[PDB]
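Residue numbers (this note's numbering), protein chains in the order written: chain W, -9 to 56; chain Z, 48 to 151; chain C, 42 to 300; chain E, 11 to 80; chain L, 161 to 277; chain A, 2 to 89.
Working notes, beginning with the structure itself.
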Amino acid sequence: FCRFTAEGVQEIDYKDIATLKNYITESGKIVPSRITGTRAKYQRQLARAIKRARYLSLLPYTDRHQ
Amino acid sequence: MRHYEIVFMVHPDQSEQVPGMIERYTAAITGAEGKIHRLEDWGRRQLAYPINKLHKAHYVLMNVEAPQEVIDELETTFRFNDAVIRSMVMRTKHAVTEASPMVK
Amino acid sequence: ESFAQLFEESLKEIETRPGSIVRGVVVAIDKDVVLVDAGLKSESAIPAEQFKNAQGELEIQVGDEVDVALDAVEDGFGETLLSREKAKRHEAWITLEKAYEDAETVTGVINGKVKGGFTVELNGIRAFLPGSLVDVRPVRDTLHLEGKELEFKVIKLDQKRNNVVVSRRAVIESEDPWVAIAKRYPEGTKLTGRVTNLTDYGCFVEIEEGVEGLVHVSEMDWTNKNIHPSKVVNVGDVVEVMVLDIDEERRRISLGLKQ
Amino acid sequence: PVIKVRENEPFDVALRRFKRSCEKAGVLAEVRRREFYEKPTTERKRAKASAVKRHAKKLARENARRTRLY
Amino acid sequence: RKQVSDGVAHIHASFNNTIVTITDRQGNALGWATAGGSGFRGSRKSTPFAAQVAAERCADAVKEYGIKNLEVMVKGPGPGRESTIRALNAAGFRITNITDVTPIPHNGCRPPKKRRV
Amino acid sequence: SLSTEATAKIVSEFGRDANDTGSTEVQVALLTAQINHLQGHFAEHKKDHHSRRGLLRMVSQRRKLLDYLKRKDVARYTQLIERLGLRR
RNA sequence: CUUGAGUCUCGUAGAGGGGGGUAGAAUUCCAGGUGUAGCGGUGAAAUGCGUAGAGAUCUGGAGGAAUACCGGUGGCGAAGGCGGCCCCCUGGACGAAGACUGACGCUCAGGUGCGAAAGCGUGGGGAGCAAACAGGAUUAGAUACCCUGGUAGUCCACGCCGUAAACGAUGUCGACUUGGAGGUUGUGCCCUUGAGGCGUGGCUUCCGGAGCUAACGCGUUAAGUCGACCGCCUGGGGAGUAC
């Protein structure tokens, strides 16, 4: 039950923070493709986006850090 | 030539200097017959974690179709400039002119 | 000849996949198993509990016709998913009928809110609706004679996940689950959900528009460990459950049943 | 697993919640894993072995199930 | 000594020994106690009970500071983790936040070799 | 890889029809250009072994093509090797 | 001549390679604050570190190495192998249609290259880990297993080494022979009326038929049915040793 297949997105955006936030943990970790049911191709992209965000301090690497 | 996408983060005390910097950056791009497809001052923004001890910073997005030499130059400038904390020049396939989801 | 080919496309034309065409004739009854034959590869092992109406006793003898459902084929040997869901489509059609004249009228009798909306029951089935839907104003059916007779005037429906809150008394008055997972959230919003499969640690009640709930083994009852959930509740049945916990991230809404 | 006790929330309940959060995180498990160095080979082996086991559980057992026990 | 209303309890829970340290909110330690210090050795001090008693001791030690509110930070794997916090609660502080602060590297340093037993 | 425009140019010059592209000579030329390009790269990056494998393969292919040309039609081959400046 | 082989067009996914940047977590050390008697470790201990203020805790700094989550009997690579993020240079694979070349092919003794880990050379680096070494245990002994330390080395540059259960213990290339359940990555049509429906390609995991096999098993990714080329075996030891 993938979101990105239905939406039909060409590429996942690191700037689209809200969307990312659904796929990240309360502890900051990226959520598995088993749980979200994201398609494999998209999942990787999502992960990459998240990573990018983390570099730009848009998303946090973890809950504890400060 | 090659469609880059740049996002740089300025120190929040230098927020009034930002426009000038942006202008300068644009100018350089223009110089080598480089187009600038979108440009979005995101403004002051709360950081997810405190980079270099400070909690807010001033984000500027900028999409550019420029030659790589100029990109390199820009990068160099960023690295030496102390106002800009982070940058992230990042290649892209197309021009991507439509606005960002956080501006909208 | 092409008699058979034409007969095949004919028989394709005179059946469909869901429980739509009331076709299976009840050809053997024995407690506790009904069985039909809707022009499928095999006969259904029907429960008796998809066919007794509103007070417990059976209603249909030999020859009687209800459609069942489909789109699932062969678990080893056999054919269907149950006809009772069939019924849900009919209920949906009546609810939809409202749209035409902007008023579906039956009887709705709603005594109380498990999760903020009085429960309304139509015919055999009982549904849960959001708190406003029960009363047109601030009248509140707590002062009304218990389990009173009105109809249901619809207040709110969730259109994907099936929750419908309907309008008792006052006759005169006339990606997708996981972003905004804050509706049934706040601590203990009770829900009516059909269980799906009980995995010897769990029960997997999950109804609210493409989610997954567990009610695992620890609550379920007021005995902890010796319980074995297949003995204690059911298979395929709409029950008392509420959230107790949501993680919108690692999609594990951890419902409960000891409440 | 950062948590804040809600207004008029019991202590025990809070503790339980915290525990749950911890479990979700898989923090303890992670710690256990990083106690000692696992050779890459060993890590590989476990992963594949585990996978194999899972597969066995899923299919062979299902086949068994088809036939009644008594 | 200056009295303080709110502070932190740091619970360092190892496999061998629990260490409870009550501090002010800024970082400055007020008191501490350990399962090894509480009169438990080897088998005994690596237990929940031991941890609890250490916690209790710690609480007793920071009586003079007059601490009412308390946020707990739990570190490491151990028995003294749930037990310790329970003990603290019993001792009678309003537990405000319960945080986990185990140091998880993001694959950094090589751990020591696996024991052959 | 070789840029599209460059490739096109190469095809036009050596290919008789200019739409042909698959002419032996044309192919050889294409290979040769690529090899030349990669020389610069490999001067810089001596440990890039994987990449060098591809280059080697290309070279081999070119050689094969040349050989084929030789047996078929000598004059053409000679011309080609004059144009490209291939010692053999 | 165009079916093999290759070239061109447009896309596609990728831990493929080389180079240069950078990010965050964690360990270690240094400086300082708070604080007070233990810490650490084990099966149990002790060596060890601690009132010369350790351990704990907070602040600041240094430096190195590796990249949690994603992450998968997932992907890429001839094999060895390859995993944060960004850029530059760069090799291959696959699909979609066309267009072209016209057997240009397959295999390969010698030959040439690439080739984990350890190891060697010269110059750097050195956090963690740790052969050697030392002490403490255990023991009849313990030149081990366990504990506390700990140097080569691991890291980088450029050379050499040329081996591994370098394994699918299965040479490469091509053709042909019943099925099922998946994964991954394209792509054509179809009301995408929805996460779908019907195909068609590539790579891939498991089960199983005929057949094959000493049996175990293999089974369209063959260990089946055949062809082409090469490599290799001829009882165990002596020996992959001596010269």
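Note that the Cβ used here is the ideal one computed from N, Cα and C, for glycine as well.
Expected contact under 8 Å - CB spacing of residue i and residue j to nearest Å
| i | j | result |
| --- | --- | --- |
| C:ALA211 | C:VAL177 | 4 Å |
| Z:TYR72 | Z:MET109 | 7 Å |
| C:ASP108 | C:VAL63 | 5 Å |
| L:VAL180 | L:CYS218 | 4 Å |
| C:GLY277 | C:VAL256 | Their Cβ separation, rounded to whole angstroms, is 14 Å, which puts C:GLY277 and C:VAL256 out of contact at 8 Å. |
| A:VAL29 | A:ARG58 | Incorrect: roughly 15 Å between the Cβ atoms, too far for contact. |
For residue i, the nearest candidate out of the options (CA to CA)
| i | options | result |
| --- | --- | --- |
| C:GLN96 | C:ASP288, C:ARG202 and C:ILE166 | C:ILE166 |
| W:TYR13 | W:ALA37, W:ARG44, W:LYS5 and W:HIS55 | W:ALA37 |
| C:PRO59 | C:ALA128, C:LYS231 and C:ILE70 | C:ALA128 |
| L:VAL168 | L:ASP184, L:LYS235 and L:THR259 | L:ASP184 |
| E:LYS14 | L:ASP260, L:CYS269 and L:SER198 | L:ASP260 |
| C:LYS154 | C:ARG130, C:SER215 and C:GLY188 | C:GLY188 |
| A:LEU67 | A:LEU85, A:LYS48 and A:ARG53 | A:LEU85 |
| C:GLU289 | W:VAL21, W:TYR4 and W:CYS(-8) | W:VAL21 |
| Z:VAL117 | Z:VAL150, Z:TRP89 and Z:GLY78 | Z:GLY78 |
| C:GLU247 | C:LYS299, C:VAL236 and C:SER85 | C:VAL236 |
| Z:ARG133 | Z:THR123, Z:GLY81 and Z:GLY67 | Z:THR123 |
| residue 10 of chain Z | W:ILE40, W:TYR45 and W:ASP3 | The requested residue 10 of chain Z is not part of the displayed model; chain Z covers only 48 to 151. |
| E:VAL41 | L:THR244, L:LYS273, L:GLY238 and L:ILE245 | L:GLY238 |
Heavy atom of the ligand HEM within 6 Å of residue i beta-carbon
| i | result |
| --- | --- |
| L:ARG254 | You won't find the ligand HEM in this model; it holds no ligand whatsoever. |
Short Cβ contact (7 Å threshold) for residue i with residue j
| i | j | result |
| --- | --- | --- |
| C:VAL284 | C:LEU296 | yes |
| L:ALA193 | L:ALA214 | yes |
| L:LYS223 | L:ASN177 | no |
| Z:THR144 | Z:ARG91 | no |
| Z:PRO59 | Z:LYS103 | yes |
| Z:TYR106 | W:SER47 | no |
| residue 192 of chain Z | Z:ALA130 | The requested residue 192 of chain Z does not occur in the structure, where chain Z is confined to residues 48 to 151. |
| A:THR22 | A:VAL12 | yes |
| L:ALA195 | L:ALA210 | yes |
| C:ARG292 | C:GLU249 | no |
| C:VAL161 | C:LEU170 | yes |
| A:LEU3 | A:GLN35 | yes |
| C:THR146 | C:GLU214 | no |
| W:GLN33 | W:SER17 | no |
Where residue i falls: helix, strand or coil (DSSP)
| i | result |
| --- | --- |
| Z:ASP88 | strand |
| L:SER203 | coil |
| A:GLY55 | helix |
| E:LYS34 | helix |
| residue 103 of chain L | Here chain L covers residues 161 to 277 and nothing more, so residue 103 of chain L does not appear. |
| C:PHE159 | strand |
| Z:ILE53 | strand |
| L:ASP166 | strand |
| C:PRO270 | helix |
| L:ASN177 | coil |
| L:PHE209 | helix |
| C:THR237 | coil |
| C:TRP134 | helix |
| C:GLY65 | strand |
| Z:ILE76 | helix |
| W:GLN35 | helix |
| residue 35 of chain C | Residue 35 of chain C lies beyond the residue range present for chain C, which begins at 42 and ends at 300; the question has no answer from this structure. |
| L:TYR225 | coil |
| A:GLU83 | helix |
Using a Cβ-Cβ cut-off of less than 7 Å, list which residues of the segment 33 to 50 of chain E approach chain W; keep chain order.
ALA35
Of all the residues that make up the segment 16 to 34 of chain W, which are near chain E by a beta-carbon distance shorter than 9 Å?
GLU16, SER17 and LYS19
Identify each residue in the segment -9 to 13 of chain W for which the Cβ-Cβ distance to at least one residue of chain C is less than 9 Å, and report them in chain order.
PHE(-9), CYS(-8), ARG(-7), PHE(-6), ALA(-4), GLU(-3), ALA8, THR9, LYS11, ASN12 and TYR13
In the segment 210 to 240 of chain C, which residues sit with their C-beta less than 7 Å from some C-beta in chain E, listed in chain order?
none
Check distances from the C-beta atoms of the segment 20 to 33 of chain E to those of chain L and list, in chain order, the residues that come in under 9 Å.
Going along the segment 20 to 33 of chain E in chain order, one finds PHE21, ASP22, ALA24, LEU25, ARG27, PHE28, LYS29, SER31 and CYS32 with a Cβ nearer than 9 Å to chain L.
Members of the segment 281 to 293 of chain C near chain E, C-beta cut-off 8 Å
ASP286, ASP288, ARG291 and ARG293
Closer than 7 Å between beta carbons: that is the criterion. Which residues of the segment 246 to 275 of chain C meet it against chain W?
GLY251
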